[PDB]
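Numbered according to our numbering, the sequence shown spans residues -5 to 208.
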Amino acid sequence: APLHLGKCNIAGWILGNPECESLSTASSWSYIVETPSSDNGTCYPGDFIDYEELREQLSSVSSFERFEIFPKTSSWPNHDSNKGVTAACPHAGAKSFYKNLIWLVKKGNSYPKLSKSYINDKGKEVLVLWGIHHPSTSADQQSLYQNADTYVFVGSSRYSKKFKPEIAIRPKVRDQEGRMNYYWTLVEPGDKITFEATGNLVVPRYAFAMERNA
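The structure is reproduced here in structure tokens:
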């Protein structure tokens, strides 16, 4: 039987847009039933990368589980994991954010080089998603990260990419002139994925272990 996403599309569901139920119930499905949404995919405006490929990857699944790949309370001792909410992603009358990601910002006036790895010991492919934040102004860049010229690197045995934030005033969407791009990759059993950043990384909180049908 199908995965019914109710009023969200795949983007909103997989990122954990507050408007979408985390829907951690169906562990297998043959197809996904999506619905549309002003934003209820990407409440914070930006581009979801490799999106069609993801939809395809998630189309037919024989097993599927969400797990806390990087526990919020213990993963980020040197960064602030509590301030990353936005009016663009409201929940219950207040600023919020995606459930499955954490918008890390500076602690005090410092943003140390972050370095976090995960080894896939799940016995199956793990889907990991993250975001890159592109602030609207250099002032906003400093206000969030404190470092002016930053990078993000994400790598595994199968994947390698360096990201550079692009600071610029985009057209206002849901009151945001900044943007957030969303990325993902599949980590093979036994492989390691590493994250490194001096700013601008919307880190994974929850990831997904899965097997595809036939």
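Note that beta-carbon positions come from the ideal geometry of N, C-alpha and C, so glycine has one too.
Item, Value
"For the region 28 to 38 against the region 54 to 74, do three or more pairs of beta-carbon atoms, one drawn from each stretch, fall closer than 8 angstroms, so that the two count as touching?", "no"
"Over the uninterrupted alpha helix (DSSP H) stretch that includes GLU50, give me the two end residues.", "45 to 51"
"Does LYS100 pass the burial test, meaning 16 or more other C-beta atoms within 10 Å, or should it be called exposed?", "buried"
"I'd like the list of long-range same chain contacts for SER53, defined as Cβ closer than 7 angstroms, with 5 residues on each side in sequence excluded.", "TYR25 and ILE26"
"Specify the secondary structure class of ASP115 as computed by DSSP and reduced to three states.", "coil"
"With DSSP collapsed to three states, give me the class of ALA88.", "strand"
"If we count Cβ pairs, one from each stretch, closer than 8 angstroms, do we get three or more for the region 158 to 166 versus the region 127 to 140?", "yes"
"Go ahead and label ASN207 buried or exposed: buried means 16 or more other beta carbons lie within 10 angstroms of its beta carbon, across all protein chains shown.", "exposed"
"CB-CB under 8 angstroms to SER16, same chain, minus the five flanking residues each way: which ones, in chain order?", "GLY10, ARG60 and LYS93"
"Should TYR177 and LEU98 be called a contact, given that it needs their Cβ atoms to be closer than 8 angstroms?", "no"
"What are the start and end residues of each continuous alpha helix (DSSP H) run of 4 or more residues lying completely inside the region 117 to 193, in chain order?", "132 to 139"
"Please say whether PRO159 and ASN194 have beta carbons closer to each other than 8 angstroms?", "yes"
"Could you please give the first and the last residue of the uninterrupted alpha helix (DSSP H) stretch that includes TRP97?", "Per DSSP, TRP97 belongs to no alpha helix (DSSP H); it is in the beta strand (DSSP E), 95 to 97."
"If we count the other Cβ atoms within 10 Å of its Cβ and call it buried at 16 or more, is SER109 buried or exposed?", "exposed"
"Residues in its own chain within less than 7 angstroms of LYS77 by CB, not counting five upstream and five downstream?", "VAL99"
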